[PDB]
Structure formats: structure tokens, C-alpha cells
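Trainee: This one's a deposited entry, sequence included:
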Amino acid sequence: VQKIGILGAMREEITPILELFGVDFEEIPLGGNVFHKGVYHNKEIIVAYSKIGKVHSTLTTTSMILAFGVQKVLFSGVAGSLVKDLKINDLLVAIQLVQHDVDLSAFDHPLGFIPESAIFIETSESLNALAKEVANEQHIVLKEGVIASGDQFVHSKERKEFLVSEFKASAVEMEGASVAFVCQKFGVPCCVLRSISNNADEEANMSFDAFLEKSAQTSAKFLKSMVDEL
Amino acid sequence: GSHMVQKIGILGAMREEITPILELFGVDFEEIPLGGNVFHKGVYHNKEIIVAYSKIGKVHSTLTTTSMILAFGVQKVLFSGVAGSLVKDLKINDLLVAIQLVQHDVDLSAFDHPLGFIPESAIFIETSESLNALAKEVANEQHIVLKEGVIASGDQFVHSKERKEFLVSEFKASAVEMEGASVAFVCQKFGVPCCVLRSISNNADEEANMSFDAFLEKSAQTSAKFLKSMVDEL
Ligand SMILES: CSC[C@H]1O[C@@H](n2cnc3c(N)ncnc32)[C@H](O)[C@@H]1O
Ligand SMILES: CSC[C@H]1O[C@@H](n2cnc3c(N)ncnc32)[C@H](O)[C@@H]1O
């Protein structure tokens, strides 16, 4: 039987996913997270929000894999735009992710890099193609790009520019790279989707609040459409 | 069940921090690969010991600790390795036990959260009072000086006056490193007692890279020797 993990960082990112799938869920508490286990179209789905940031999201991903045996992980949630052509409510699949706050430059390493790892983490080529196929099939605009993930909420042009020049990222968030990383370590196909809710600038906290619902819904509905195709 | 053979997890971040541990215990270890890590499993004084280095940084250490707990059933986690000093009385080679830890690079202040704070969590993470007390007893017994304090963890190697100043100011931390808070965090989430031990290898300032390289093996040995002394009492 197929087992799919479905992740958000915040409760508001998973509420619409629980509603849209519509089925009964069993709540299973583990490691401070609540996993919702259900059956949908023959597939077992396990849904949780990690809580914000890289440690919470690493922990939740690793639990989904080791404790619930998921064979794929789909992540949905909101992000800040780093570049002028990514506008509020746009949807983006991350083709590669980076931990933008990693700095071992004292030992001559480039920013983002840790020994025994890589700067850019890859997501699943087959699931990214599925995302593209579903967006096409539905006439949805789906952007692709690099997402930078770090443990700060980015709200300044100074940091925005650094992210774009250093890592060529298009959007910034606090969980994608860690979720993708954990899945690579365990050989689990991963897809990370984000909807834009802010421009990661002085006004980002206001915009984040005004568009959280609409942006979380946009990302949630697309994830469901992918699962309908798996 | 607490009546079963006890399983202890012992963690470092780099291979050099666990090489002396495997040697000090001196028993046969089976190597088990999982999640990009190698776990070394042995039996020592009628307890099962599971030893691994996570690789550097918060993501690597969160994943490895979650594996030790979930895949290996550890019931206590002890962490040993090296750290940078933030205070004058913590000198190269000195031992520190972390009473609390903080993720010093967490910043959601755009929403007026205090630095280090994440919604639905807390700034400071606690470790095991009983294990910390055993460390203090073991230090006394073995004659070693053992400092107690706050450890700040983040995903940057700190090597500046200005960053050390901020860590002292904001968090009153005594040392800095890249894994402790994430290990203690995962342990607290699963209800597993955790002790974080560090030996100083550098002063977290402009020459920190050179001092780190010079003292990695010696400081890792000091921390490993102390961790073994702890296990010999459990
Ligand atoms: C309340 S902290 C921000 C949350 O939304 C995502 N996010 C949205 N916009 C941004 C931004 N500008 N910088 C960092 N994270 C963001 C993050 O992944 C985190 O879960
Ligand atoms: C090589 S990156 C530094 C490694 O040693 C620890 N460490 C020692 N000194 C420091 C320092 N000054 N800043 C950050 N981490 C340090 C960290 O936990 C990490 O595994």
C-alpha cells in the first residue's frame, strides 16, 4: 500500500489540507507533533505541521519517515518573494534548496556548505515533473526556482539581495531545505511547494498576516491535485 | 520498560569526537548505517551503547538524534565534543556542562518575538538535572574542574569579537557550538534525558579557526574521557 507524508510548518498551512481531503483522520501524537493518519483513494496519508524552523522541520520529517514509513513527502506552505517577478499568491516548486544561514567560511568553505554535504539540495525529478504536468493540465501558473531556507524571517532588502546574489534564490522560507535534506538522507522522494505571501521586505510581517490564509489555501489545493494523480 | 537492558545513545558531531569514545569503551561495535549516519552498537557494563557522529550543524544533529531515539530505542543521550569559549574563565581544554541551551541564530523579531524564540516552543531548552548532577559528582571524584552554564548553538562557526559580544549580551551564554541545542531539543520532545558536555578548543574570536584545528583532537579526548567516566557510573 502507498504511504504519503504531507507536511506544513504551521497549523494554518495544514488545516485546509485536512478539510480538502475530507476523510476521517486518526491523531497520533509523537515527538511533540500531531500526525493525522487517513486513507484517501487507496493511499495512506500522514499529515502534520512541523512548527517553524529547521530543527522542528527536520525532526518532523525524520519522524514521518522512521515512525510512519512514508515513501514520498510532499511539503506545502507559504514563502517570501526575493525577486520582482515572483508576486504575492504565485505558486513555486523548489527545484533546489539551500540552507542560507550556514556559515563555515572561517575554514574556507563557501556560504551554505557543510563538510560531508552540499550547498544545494535536490528534490525529486519525477515529483517535480508531476507538479509541472498537473499545473499544465489545470492551466495554473507554476514557477520553478531555488528556495533559500534559514532560521530567520527575512524582512530587509540587505538580506534579500544577499540571498539572490549568493544562492540565486527566488523565494525564502524556514523549512524547505531541511525537509528536502532529510528525505535525501533516507532516499525518500520529496516535493516542496510554496505560495508567495510577502516580499521579504520592511512590510513582510504585515503582508504575511494579510495573505497567510489565501496563500496557504493556494498551496494546499495544488498539493491535493498532485495526490489525486499519484 | 525501565526494567529492560538500558540503551544509551552517545553522540558527537564530528568523527574526531567519537573516535576516542569507541576506543575508550574498547568493546566490539557493530556498524549500522542509516539516514546517512553510521551507528556503532556495543554492550558495555550490561547496558547497550549506541555511538555516532551526526555531522556538523543543526539539521545534521536533529536528524541523527531523532534516529537514535526512533530507530535505536535509546533511553538517554549523552553528547560530547568541542566548543568555543564566550567567557574569560573558560580556557582551552576546560569542561562545561550545559544547564540550558538556546538556538542563538533564530530571529523572528519581525513579529516582535524575542531573539531565539519560535512560536509553540521556548528560548531555553533544559537538560537532565540528574545527569548534570552525576557530571558534577564525577568531576569532583575525578578531581576535574567542571563549569556549568548556558550553551548557544547555531549554524555559523563563530569567530568574531562582535558575535561573541552579542551572544553574551542576549543569552548570557558561556560557550558556542553548532549542535547542542538541537540535540537537547529533540531529546526534550521525546522525553529522553539528555546531557550536553563540551571541552573548549577555541575562543570564538578572530583566530578561532587556528585554535580549533590545533586543539580538536586534545579537546575531543578530554570530553570523551569525561563522558566515559559518566557512563561508568550509570
Ligand atoms: C512566522 S515565521 C515565517 C513562516 O512562513 C514561512 N515564510 C514566509 N515568508 C517568509 C520570509 N519572508 N522569511 C522567512 N520565512 C518565511 C517560513 O517558512 C515560516 O514557516
Ligand atoms: C568545524 S565547525 C565547528 C564544530 O565544532 C563545534 N564548535 C567549536 N568551536 C566553535 C565555534 N567557535 N563556533 C561554532 N561552533 C563551534 C561545533 O559544534 C561544530 O561541530
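Mentor: Now that the structure is in, tell me what you want to look at. Numbering: from 1, shown residues only, chains lettered A, B, ... in the order given. Ligands and ions are numbered 1, 2, ... in the order given.
Trainee: Please name the residues that touch residue A:80.
Mentor: Shown here is residue A:80, whose contacts under the criterion C-beta atoms under 8 Å, 6 or more residues apart in numbering or on different chains are A:153, A:154, A:171, A:172, A:173, A:196, A:197, A:198, A:199, A:200, A:204, A:208. For the C-beta atoms, the positions are set from N, CA and C on the backbone; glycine is no exception.
Trainee: and the longest helix along chain A, what does it pack onto?
Mentor: The residue-count maximum for a helix in chain A (DSSP state H) belongs to helix A:204-227. Under the contact definition 3 or more C-beta pairs under 8 Å, 6 or more residues apart in numbering or on different chains; DSSP states H and E, helix A:204-227 sits against strand A:3-8, helix A:11-21, strand A:72-81, strand A:91-99, helix A:125-138, strand A:190-198.
Trainee: How about the residues of chain A by ligand 2?
Mentor: Among all residues of chain A, those adjacent to ligand 2 (criterion: C-beta under 6 Å from any ligand atom) are residue A:104.
Trainee: If we use 8 Å, what do you get?
Mentor: Counting by C-beta under 8 Å from any ligand atom, the residues of chain A lying close to ligand 2 are A:104, A:106, A:107, A:115.
Trainee: The first one touches residue A:112, doesn't it?
Mentor: Translated: residue A:104. No: in this structure, residue A:104 is not within contact of residue A:112 by C-beta atoms under 8 Å, at 9.3 Å.
Trainee: Wasn't residue A:177 part of a helix?
Mentor: Yes: counting by DSSP: H, G, I helix; E, B strand; the rest coil, residue A:177 is found in a helix.
Trainee: wait, it sits on residue A:146?
Mentor: No: applying C-beta under 8 Å, one finds residue A:177 not in contact with residue A:146, separated by 10.0 Å.
Trainee: quick one: which of these two has more around it?
Mentor: Legend: neighbour count by other C-beta atoms under 10 Å in any protein chain shown for residue A:177 and residue A:146, higher for residue A:177 (30 against 20).
Trainee: From the structure, what's the count of residues near residue A:161?
Mentor: As a burial measure, residue A:161 scores 11 neighbours (other C-beta under 10 Å).
Trainee: Provide a list of residues in contact with it.
Mentor: Residues counted as contacts of residue A:161 (C-beta under 8 Å, 6+ apart): none.
Trainee: in what helix or strand does it lie?
Mentor: Counting by DSSP states H and E, the element that carries residue A:161 is helix A:157-167.
Trainee: among the residues of chain A next to ligand 2, which ones are buried?
Mentor: Buried members of the residues of chain A next to ligand 2, scored by 16 or more other C-beta atoms under 10 Å in any protein chain shown, are A:104, A:106.
Trainee: Can I get the residues of chain A next to ligand 2 in a markdown table including secondary structure and distance to chain B?
Mentor: Formatted as a markdown table, the entries for the residues of chain A next to ligand 2 read as follows, by DSSP: H, G, I helix; E, B strand; the rest coil; distance: C-beta to the nearest C-beta, whole Å:
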| residue | secondary structure | distance to chain B |
| --- | --- | --- |
| A:104 | coil | 5 |
| A:106 | helix | 4 |
| A:107 | helix | 6 |
| A:115 | coil | 6 |
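Trainee: How far off centre is stretch A:98-106?
Mentor: Between the mean C-alpha point of stretch A:98-106 and the mean C-alpha point of its chain there is a distance of 20 Å (C-alpha atoms, centre = their mean, to the nearest Å).
Trainee: And it, what's buried?
Mentor: Judged by neighbour count (16+ other C-beta under 10 Å), stretch A:98-106 contains these buried residues: A:98, A:99, A:100, A:101, A:102, A:103, A:104, A:106.
Trainee: Return the set of residues that bridge with the second one.
Mentor: Following DSSP bridges, residue A:99 is listed with bridge partners residue A:149.
Trainee: buried sites along stretch A:76-88?
Mentor: The neighbour-count criterion (16+ other C-beta under 10 Å) identifies A:76, A:77, A:78, A:79, A:80, A:81, A:82, A:83, A:86, A:88 as the buried residues of stretch A:76-88.
Trainee: any chance of the residues you listed in TSV, plus distance to ligand 1?
Mentor: Listed next are these as TSV, based on distance: C-beta to the nearest ligand atom, whole Å:
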residue	distance to ligand 1
A:76	11
A:77	6
A:78	5
A:79	5
A:80	3
A:81	8
A:82	9
A:83	13
A:86	12
A:88	11
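Trainee: For those residues, work out which two are farthest apart.
Mentor: Across these, the longest distance by C-beta to C-beta is 21.2 Å; it joins A:76 and A:83.
Trainee: Confirm for me that residue A:42 is in contact with residue A:23.
Mentor: No: at 11.7 Å, residue A:42 and residue A:23 do not qualify as touching, with contact defined as C-beta under 8 Å.
Trainee: Between those two, which has more neighbouring residues?
Mentor: More neighbours sit around residue A:23 than around the other of residue A:42 and residue A:23, counting by other C-beta under 10 Å; the figures are 11 against 8.
Trainee: For the more buried one, give its distance to residue A:222.
Mentor: As for residue A:23, its distance to residue A:222 is 19 Å (criterion: C-beta to C-beta, to the nearest Å).
Trainee: Enumerate the residues of chain A near ligand 1.
Mentor: Residues of chain A that fall close to ligand 1, judged by C-beta under 8 Å from any ligand atom: A:9-10, A:13, A:52-53, A:77-80, A:149-150, A:152-155, A:172-176, A:194, A:197-200, A:204, A:208.
Trainee: Quick check on residue A:37: phi, psi?
Mentor: Residue A:37 adopts backbone torsions of phi -110, psi 130, taken as degrees, to the nearest 10.
Trainee: Identify the bridge partners of it.
Mentor: Residue A:37 forms beta bridges with residue A:26, residue A:46, as assigned by DSSP bridges.
Trainee: Now do the contacts for it.
Mentor: With contact set as C-beta under 8 Å, 6+ apart, residue A:37 has these partners: A:25, A:26, A:27, A:28, A:44, A:45, A:46, A:68.
Trainee: now those: which count as buried?
Mentor: Buried residues within the contacts of residue A:37, defined by neighbour count using 16+ other C-beta under 10 Å: A:25, A:44, A:45, A:46, A:68.
Trainee: what residues are up against the residue nearest to the first one when sequence neighbours are not counted?
Mentor: The shortest distance from residue A:25 to any non-neighbouring residue, by C-beta to C-beta, 6 or more residues apart in numbering or on different chains, is to residue A:36 (3.9 Å). By C-beta under 8 Å, 6+ apart, residue A:36 lies in contact with A:14, A:18, A:25, A:26, A:27, A:28, A:45, A:46, A:47, A:48.
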